[PDB]
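Data block below; observations after.
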2 protein chains.
Amino acid sequence: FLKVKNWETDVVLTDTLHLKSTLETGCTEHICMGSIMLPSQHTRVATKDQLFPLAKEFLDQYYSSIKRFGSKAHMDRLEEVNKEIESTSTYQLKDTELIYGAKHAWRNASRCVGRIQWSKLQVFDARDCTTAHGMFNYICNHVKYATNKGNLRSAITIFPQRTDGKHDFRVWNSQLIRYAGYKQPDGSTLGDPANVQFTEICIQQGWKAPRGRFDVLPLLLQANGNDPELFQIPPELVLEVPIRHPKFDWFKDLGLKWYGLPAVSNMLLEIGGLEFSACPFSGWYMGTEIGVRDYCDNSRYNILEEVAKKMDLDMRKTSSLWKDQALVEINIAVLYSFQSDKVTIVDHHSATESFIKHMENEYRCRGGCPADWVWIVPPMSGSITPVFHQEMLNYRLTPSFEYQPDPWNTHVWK
Amino acid sequence: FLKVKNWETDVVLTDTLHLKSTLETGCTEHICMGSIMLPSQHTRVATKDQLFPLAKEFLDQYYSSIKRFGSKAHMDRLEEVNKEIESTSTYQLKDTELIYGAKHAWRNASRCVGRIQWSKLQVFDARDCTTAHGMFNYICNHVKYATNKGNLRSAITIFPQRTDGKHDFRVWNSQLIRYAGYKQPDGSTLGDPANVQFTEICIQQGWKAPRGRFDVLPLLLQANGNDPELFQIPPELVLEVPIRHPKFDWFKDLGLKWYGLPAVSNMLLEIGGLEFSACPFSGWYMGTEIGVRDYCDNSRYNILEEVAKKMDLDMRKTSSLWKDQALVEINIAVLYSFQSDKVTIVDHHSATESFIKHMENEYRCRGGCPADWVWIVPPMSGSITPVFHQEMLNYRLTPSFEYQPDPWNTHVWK
Ligand code: HEM
Ligand code: HEM
Ligand SMILES: CCN(CC)CCc1cc(F)c(F)c(OCc2cc(C)cc(N)n2)c1
Ligand SMILES: CCN(CC)CCc1cc(F)c(F)c(OCc2cc(C)cc(N)n2)c1
Ligand SMILES: C[C@H](O)[C@H](O)[C@H]1CNc2nc(N)[nH]c(=O)c2N1
Ligand SMILES: C[C@H](O)[C@H](O)[C@H]1CNc2nc(N)[nH]c(=O)c2N1
Ligand SMILES: [Zn+2]
């Protein structure tokens, strides 16, 4: 029955939810791995034995959540999936069970700061899909829907669950919308250094690249374990926001822009023991992910160099904080540009206040809220946001999202 | 034999030191408390039984560190302290053992980012002290020495070790040099809200307060379990740095200043099982502790309000990032002001690079380096510094510094 304090308002909350926790963290009594990026307990193959308690555990919380726990409709659902796990050695989720499982994967994502919106998520059932073209069609309707003309809406599309393991549905993109990265002759990088491998994989499969900076990549969609195929999202569906500053008329000249929709596609959704290897999900951007991480990371776009140049800053001495100075202007510019186009974006102050507010109801109407401090605190201005001063308990509940290996290091190609 | 990666340069280091670890963290396999401020394993009473293995463990690493492990001088030291623990049920450290133990407490402090300097520490042996006046004298020589006319030097003064537990030496100040906090009639706070309780404890013991903002507090020194007594550090020893900005001539008008010497006094130093309840230690400031935390924390000096006012910023809308803007200027000003007075200060970029450099040698010439990410990453501009992208293993080695309760919630007053 542990306690977590906020050393800015002296607020104290009581976490009992951590007792329902199941998966492991990576920490022991004699070591803490809270700062390891991809721990082995966060990454993803299961059999028929363990598959039933996982179903039982899930079904029990789903009926506990509709004030119908243990009743007749529960006990028959229990025996029906029990029976079907005898028969098939797997089972199929109801439409309502999929919506619940998906929404609570988000709820349980301790590194997500946006989770105040977990209840308002739009679940698209793509479990009837059979072909890469079909996947492309479900994904286009996802992007159009979630984008909603800049009035962004939260959504997730769920392709059929893993079974044998070799007939797996996988989006090979890490996000549906990403800018291509190209290496140069001198080794330098054009576009986005992150994707330079993925960009070559797409050109390996015949992508004619318009070798520039902000080139939207094609989708690589793998259907039922078949070799993936290229598909180009209709440009009218990819909404982009050109970045301008509300003081600097030279800020246009920089020529930066960013896509409206953050939409992660390489993750695995885990419900009741069932594994959905493809399940792209989208929301809206917090400003810092673009303005701080995308733009100013060393091995990303890396623009602090030039923003300080046009600002004419003390770029000789480290202790002038010219980097800090150029970084705050870039984020004011991101926020302003997205806002002036009615494209949904949230600032790191408002999102961290909302999270503390979210954390409040989670400890009351639920008894806790798993949170990963290392990831919740924004990557700039840490301590002026209220989450820096809030203690958080991290633990692994299910349903959940997990990392998985990349398909090109596993897919038996042919 | 665990691995920790740097996701900005793809550097990988191998940590074997974590195996020598002894104390516990607070985390389990099913929960991570990496974000709890004062865990129960970090806070501090022991008997005679366990006291010998602690001596044995310590003495063995001390002789292992002088290429004289297991030799004659070792084995007799082993039996000599063994004998003396039979006799007294405690023991006394050699002068060389105290210097080693103290230096490695610093080395092992996973939340310290400055540890590149751990080998260069000046150890003052105050174990002959018997009276509060004597403590005051050792502390003044500490402050004069470590301050060195603004050319700051690292040092620590070690008062006699705990024994019975009721005759304990304790500095009641949290830092030797701190500004007083006073509450107002309207509830508001003048000076430093942190110390408002300690300021009243000093006035409880007869401090005539010059009720202002930056009033250096008196020392409250407790000697051999006796009631503590007030002492006023000679003002000529308290070096202060008036804060001015290298662009804004209105920055003087703010009227801020800060003491040169950070010097923590409320901690407990643990060596070979022996507990030193008073052991003030000083170094030099990283800029952010003043400019970010002292100045801009909500329940500290809280000046973002006024710095944005004189800067004339968009103080209506949160998403203008006026807070981020006023915060970078305050830190450029801190750095500049301290530097223009030849007073040693380090910026959060240089100190975090040095730490990564330090981490490098620690994994080579030692096999590891305990690090607490939550605390190492500076409280501003997190992700432009190289420690944000560095995985770190936190574990508890000894000798170490620990938190302890406050003496006014324990001291049997009379
Ligand atoms: C609605 C607005 C949302 C915002 C503002 C938001 C913001 C963020 C941010 C800043 C992160 C940190 C990761 C990083 O820095 O790259 C994150 C992580 C994450 N979010 Fe949210 N997100 C939103 C919606 C969603 C949705 C719709 C889902 C899924 C249904 C989701 C699930 C996750 C997951 C799984 C992670 C990563 C956890 C991990 O790395 O293990 N989020 N989000
Ligand atoms: C020489 C320059 C030094 C610098 C720049 C420095 C900087 C820092 C900073 C920024 C912190 C984070 C704590 C906070 O934000 O309040 C810290 C923590 C700490 N430092 Fe260092 N420090 C220095 C010297 C020392 C020395 C001389 C000692 C002791 C011999 C020491 C031991 C510690 C300890 C024990 C902690 C706190 C660990 C905890 O909270 O459990 N440091 N230091
Ligand atoms: C380990 C490598 N990193 C960087 C490539 C992974 C980053 C990452 C992994 C995930 F699983 C995520 F859900 C994730 O969501 C970012 C995000 C998602 C949404 C819907 C909205 C938003 N505003 N932001 C971001
Ligand atoms: C839990 C409450 N917090 C804030 C009051 C404790 C802060 C704190 C605790 C410690 F043990 C420390 F050693 C510490 O060192 C700050 C510091 C020390 C030195 C020598 C140099 C420097 N540049 N900085 C700071
Ligand atoms: C080393 C560390 O695990 C890694 O850099 C993490 C730190 N915290 C983060 N937090 C967020 N939100 N996103 C990130 O990519 C990271 N990176
Ligand atoms: C909630 C959290 O434990 C607390 O705010 C910590 C976070 N990290 C920190 N890191 C440093 N260096 N100093 C601090 O006071 C804190 N505060
Ligand atoms: Zn942990």
Side-chain angles (χ1 to χ4, degrees), chain A residues 4-8 33-39 42 110-114 286 288-289 292-294 297 300 348 371-379 382-383 385-393, chain B residues 4-8 33-39 42-43 105-106 109-115 117 121 146 152 154-156 174-176 178 192 194-195 260-269 279-290 292-294 297 300 344-346 348 351 371-379 382-383 385-392 400-404:
Chain A
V4 288
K5 188 184 179 182
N6 179 223
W7 306 81
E8 195 216 291
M33 264 119 158
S35 89
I36 293 289
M37 173 96 64
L38 313 179
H42 217 341
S110 39
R111 317 185 142 169
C112 181
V113 66
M286 193 172 64
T288 46
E289 309 174 67
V292 175
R293 304 305 306 291
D294 291 315
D297 265 359
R300 295 296 303 285
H348 50 296
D372 187 331
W373 192 102
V374 160
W375 284 66
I376 302 283
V377 176
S383 56
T385 67
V387 302
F388 176 102
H389 315 292
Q390 175 68 53
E391 295 171 348
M392 298 161 196
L393 292 177
Chain B
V4 288
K5 188 184 179 182
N6 179 223
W7 306 81
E8 195 216 291
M33 264 119 158
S35 89
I36 293 289
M37 173 96 64
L38 313 179
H42 217 341
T43 320
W106 185 8
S110 39
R111 317 185 142 169
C112 181
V113 66
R115 288 178 277 159
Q117 283 288 65
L121 173 76
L152 270 35
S154 308
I156 190 192
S174 33
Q175 309 179 20
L176 304 187
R178 293 212 78 169
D192 192 339
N195 316 318
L261 190 75
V264 161
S265 38
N266 52 15
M267 297 275 139
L268 196 147
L269 167 63
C279 53
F281 51 88
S282 65
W284 49 86
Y285 267 121
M286 193 172 64
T288 46
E289 309 174 67
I290 314 169
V292 175
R293 304 305 306 291
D294 291 315
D297 265 359
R300 295 296 303 285
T344 307
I345 195 154
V346 65
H348 50 296
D372 187 331
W373 192 102
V374 160
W375 284 66
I376 302 283
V377 176
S383 56
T385 67
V387 302
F388 176 102
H389 315 292
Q390 175 68 53
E391 295 171 348
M392 298 161 196
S400 67
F401 291 100
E402 314 296 349
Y403 284 84
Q404 49 187 346

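Indexing begins at 1, ligand by ligand and atom by atom, following the structure's order. Sequence lines set the chain letters: A, B, ... in the order given, protein chains first and strands last, and positions in each chain run from 1.
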Which residue holds the protein heavy atom closest to [atom], what is that atom called, and what is the gap in Å?
atom: atom 10 (C) of ligand 4; value: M267(B) CE, 3.9 Å
atom: atom 11 (C) of ligand 6; value: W375(B) CE3, 3.3 Å
atom: atom 20 (C) of ligand 4; value: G283(B) N, 3.3 Å
atom: atom 8 (N) of ligand 5; value: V374(A) O, 3.2 Å
atom: atom 18 (C) of ligand 4; value: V264(B) CG2, 4.3 Å
atom: atom 5 (O) of ligand 6; value: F388(A) O, 2.7 Å

Rounded to the nearest 0.5 Å, how far does [atom2] of [Y] lie from [atom1] of [X]?
X: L268(B); Y: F401(B); atom1: CG; atom2: CZ; value: 9.5 Å
X: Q404(B); Y: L269(B); atom1: CD; atom2: CG; value: 10.5 Å
X: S383(B); Y: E289(A); atom1: OG; atom2: CD; value: 11.5 Å

What are the atoms of ligand 6, with element, lying closer than 4.0 Å to any heavy atom of [X]?
X: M37(B); result: 3 (O), 4 (C)
X: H389(A); result: 1 (C), 5 (O)
X: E391(A); result: 1 (C)

Between the main-chain N or O of [Y] and the side-chain N or O of [X], is there a donor-acceptor pair closer than 3.5 Å?
X: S35(A); Y: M392(B); answer: yes
X: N266(B); Y: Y403(B); answer: no
X: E391(A); Y: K5(A); answer: yes
X: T288(A); Y: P379(A); answer: no

Is any N or O atom of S35(A), backbone or side chain, closer than 3.5 Å to an N or O atom of ligand 5?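 So ligand 5 has an N or O lying under 3.5 Å from an N or O of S35(A).
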Below 3.5 angstrom, do we get any N/O pair linking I36(A) and ligand 5?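 In this structure, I36(A) places no N or O atom under 3.5 Å from an N or O of ligand 5.
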Compute the minimum heavy-atom distance from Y403(B) to ligand 4 and say whether it is under 4.0 Å.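 Contact check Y403(B) vs ligand 4: positive.
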Check contact between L38(B) and ligand 4, using heavy atoms of the residue and a distance below 4.0 angstrom.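 Heavy atoms of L38(B) do come under 4.0 Å of ligand 4.
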Could you check if a side-chain atom of [X] sits within less than 4.5 angstrom of a side-chain atom of [Y], using non-hydrogen atoms only?
X: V377(B); Y: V377(A); result: no
X: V387(A); Y: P378(A); result: yes
X: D297(B); Y: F388(A); result: no
X: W375(B); Y: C112(B); result: no

Tell me the nearest of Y285(B), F281(B), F401(B) to atom 13 (F) of ligand 4, using heavy-atom distances.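 Comparing heavy atoms across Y285(B), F281(B), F401(B), the nearest one to atom 13 (F) of ligand 4 lies in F281(B).
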Identify the heavy atoms of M37(B) and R111(B) that sit nearest to each other, and give their distance.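 Heavy atoms only, the tightest pair is O-NH1, 2.9 Å.
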Nearest heavy atoms of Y285(B) and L261(B), plus distance in Å: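 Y285(B) and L261(B) have their closest heavy atoms at CE1-C, 4.5 Å.
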Looking at [X], which atoms of ligand 4 are within less than 4.0 Å of one of its heavy atoms?
X: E289(B); answer: 16 (C), 17 (C), 22 (C), 23 (N), 24 (N)
X: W284(B); answer: 21 (C), 22 (C), 23 (N)
X: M286(B); answer: 23 (N)

How does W373(A) reach ligand 6, if at all, at less than 4.0 Å between non-hydrogen atoms: by side chain, backbone, both, or neither?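 Answer for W373(A): side chain.
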Check each heavy atom of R293(B) against ligand 6 and say whether those closer than 4.0 Å belong to the side chain, the backbone, both or neither.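 The answer is the side chain.
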Any N/O pair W7(A)/ligand 6 closer than 3.5 Å: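 N/O-N/O distance under 3.5 Å: no.
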Can you check atom 22 (C) of ligand 4: any protein non-hydrogen atom closer than 4.0 Å?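 Yes, because at least one protein heavy atom sits under 4.0 Å from atom 22 (C) of ligand 4.
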Kindly state if atom 5 (C) of ligand 4 has a protein heavy atom within a strict 4.0 Å cut-off, that is, under 4.0 Å?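 So atom 5 (C) of ligand 4 lacks protein heavy-atom neighbours under 4.0 Å.
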Would you mind running through ligand 5 and noting each atom that sits below 4.0 Å from a heavy atom of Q390(B)?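 Close to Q390(B): 1 (C).
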Are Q390(A) and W373(A) close enough that a side-chain donor and a side-chain acceptor fall under 3.5 Å?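 No, because no side-chain N or O of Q390(A) sits under 3.5 Å from a partner of the opposite role on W373(A).
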What part of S282(B), side chain from CB on, backbone N/CA/C/O, both or neither, has a heavy atom under 4.0 Å from ligand 4?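 For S282(B), only backbone atoms sit under 4.0 Å from ligand 4.
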